[PDB]
Structures are given as structure tokens and as C-alpha cells.
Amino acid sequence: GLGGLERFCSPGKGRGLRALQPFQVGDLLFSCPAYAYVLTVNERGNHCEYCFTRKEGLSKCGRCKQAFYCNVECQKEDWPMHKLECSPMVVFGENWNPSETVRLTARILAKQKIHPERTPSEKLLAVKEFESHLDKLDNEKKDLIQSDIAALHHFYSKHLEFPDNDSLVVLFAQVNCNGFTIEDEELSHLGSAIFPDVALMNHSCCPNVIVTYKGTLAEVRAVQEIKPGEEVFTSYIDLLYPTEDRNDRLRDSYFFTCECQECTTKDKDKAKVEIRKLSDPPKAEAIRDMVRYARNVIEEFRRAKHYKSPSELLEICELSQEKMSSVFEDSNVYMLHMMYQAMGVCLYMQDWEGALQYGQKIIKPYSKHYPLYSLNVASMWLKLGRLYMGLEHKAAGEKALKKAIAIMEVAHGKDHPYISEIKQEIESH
């Protein structure tokens, strides 16, 4: 197993991870090497396919020209996994489009063939033991899994010996239940991976640990003091949202309702859905209508980013914020969601001033809605610092970068390469 920790039966939460020794804020509980991992398509050329090192001058694979490495060693070591895609990418050309879930699942199947025995990534929980929620699958989810199975056969039949369709549905469901996104210091999506021992941890909206990445290695650090006998919890979702929103997401993606202190007390719900202090106060039904409108625009915008222009996307943000502002305060989470989306569009358009304008409005309400040590808060401070630095506002940039560092020292560790980069940004000016 893992020193100072153990697998146990968590009442009403299946299997979980329990502490056997105290952990202080910032302590590393454990590390978990990726069992299977894939670099996201849009990050190719920026990070090494094998070790995820972000570097300039990465060497391109000579055959496909769509895989980049540190050197010949990273190239060689990645070959058992890269071979699943190398020739297929050149053969299918423009038609090569398997989803990231399918890409990861192909790598799980390849790893099971090469290494059927328990790996150092499975000291407490094995990939084969993963919870699937197969019995809870509705028609919509089974149809999505069937599309994924067809893409798997379509793009990965060369090297893989497929189990029956029934075993594949269990696998795709286990991957959705237990799969991780690997994010960078700005929470930008890098890829997807399987960390079996990390997937043993249950969810809480007031977590006592944070998962970070050092290349393809997952690291688990305490963000609250943990005592012997206490269960180790991480957050599976974005904690900005009120209780109902959080539980709608947990029920849909993880088939459970959270009963943590935040979900039971609903303490932060009032400030999260802050209402304007108007002479004629807004009616209860007028609030409920705006909350319904707010959830609908969030989904409308989510769809729109796939086909609308940057100006159309900014229009949706501006127009929706205007309608919401008649009922909602600026610190309200639905206002903040649109502002964050608008900042993202500005960043893409390289409208640094516009991005800074939004980020400045988001930061204080983020600090109040998120937990004490939050990667969402650290990431926003970091973006702000980088925008300030890029726009020659060095004193403001240094202050924001140091706010990011203070959180990251706890979550990523004092010695994390990301902190060394940020300190170099402060020093280089």
C-alpha cells in the first residue's frame, strides 16, 4: 500500500482513502505515476508527448509529424503508446478524429496487454476494480459509450485485441468515473490520464487535499490538517457554484449526491447568488426566473463557442450580464461565469487590456466563494500577474504573482517547477 494511509469502506461512499498519521497543510500525502495518459491534440508541439515537459525546440516524430519529444529517449519510451496513433494519423489524415476518452481508453487496453500485473500506480486500487455505475447508465449515456466503442474499433483495431462489447461498456464507464484531466498552472487542459490510487479518493465540496501534476506524476497535498482516522477528500468539480448546481453536476457525472458540510449547511449559497439591494426588492419568483435564465445562458454559450465568432461570443457575455445585473450583484456566480468566459475570449483575441479589465472584477469574489487554498483562485492571480507584467504594470504584476505563489506553495509544493518559473518571471521583469 501507501505509508501513513489505507483503503477502507466509507459508509455510503463505497471504498475510500483514510489517514493513519497526521498531515499538515502543504504536506505531500502521496504521489501516483500515470497508469495511462494522453497529451491533448491542441498541446502537441508545446509539451513532450512522453514526459509532458513544456519546452521550446521539441523534436517532431518523422513519420506522423504530429508527436513532439524532448529527445530520442522520450521518443523511444513513448513508442509502445504512440504506435497506436502514428501510422493511423497519416493514413486517415483529416479523417483521424477519435475523442480524447477513446484515445485514453486505447492506451488502457494497450497497457493491460503489455503489463497485466499490478503496477506501482495500483498500490491501493486497481484499474480492474474501478467503479463503473454500469447499472445506473441511461439511454443517452449508453448511446455515447456506443459511439466511443465504434470510434475505438474504427481507429485502434491494428494493435488491440478487443474484449466483448459488454466489457467495453464497463471500461468506458470506469474511465468516465475515474479519469483525470491534467491541467497546467493556469488550469489549461493538457491531457487525460488514469491515476488508480488517486481515484480511490472520495469527493467533498470542502476537500482536505488538492491534486496537482509534476509532468505525468499526480501529487496529493493537504489543504486542511488531516488527523488519523479521517477520510481523505478531494473536489471532483468546480466549487464556485451553489449547492443545487454542484449536486446536479455530481449526480450527472458521478451518480451521487454530496452530503458534505457545504452541501448540508448551504452557507455560501446566499452570497453565491447575491441579489441587488433595490428600493423595490426583487420577488422570489423573479430571482428563480433569473437563476433559470443564468443556467440556460451558461449552456447556450458552451454550445456557441464551437461555432460563433469572438465578437458574437463577447456579445452573449455582455448582453446576458446586462439582463442579469437588474436582479444579480456583480459578485454573483452567474455574473462571474460570464465575465470569466468573456476574459477567455479576450485572451484568445490577444486583447490583453480587455482580459485584464475582466480579471480585475473576478478576483475578489473568487477569493470569497472558493476554499482557502484553491487552484481556481491561484490560477486567476497568475493570469492577472502575467497580464499586468505583459502590460508593463510591474508592481501590480509582482503583487498578483506573489498571491499565486502563496497558494501554489501549499498545493504544488514549495519546490514545484511552476513556482521556479513564476519567481523567474518576477526577477526577469
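Rigid core here is just the name for the largest C-alpha set that superposes within 1.5 Å across the two forms. Residue numbers here begin at 1 and follow the sequence given.
Greater C-alpha displacement in 6 other deposited structures of this protein (rigid core superposition, RMS over structures and residues), of 162-170 versus 217-225: 162-170. Checked against the record, the higher mean CA B factor of 375-383 and 52-60 lies with 52-60. Averaged over their C-alpha atoms, the temperature factors of 121-129 and 215-223 are higher for 121-129. Of the candidates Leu137, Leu336, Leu200, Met81, the PDB record gives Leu137 the highest C-alpha temperature factor. You'll see in the entry that, of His189, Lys141, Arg107, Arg249, the Cα B factor peaks at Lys141. Compared with the other modelled residues of the chain, the Cα B-factor recorded for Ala411 ranks in the lowest third.
The entry lists a Cα temperature factor for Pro116 that places it in the highest third of the chain's modelled residues. Annotation for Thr265: C-alpha temperature factor in the highest third relative to the rest of the modelled chain, per the entry. Sort the modelled residues of the chain by CA B factor and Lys272 lands in the middle third. When the modelled residues of the chain are ordered by C-alpha B-factor, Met290 sits in the highest third.
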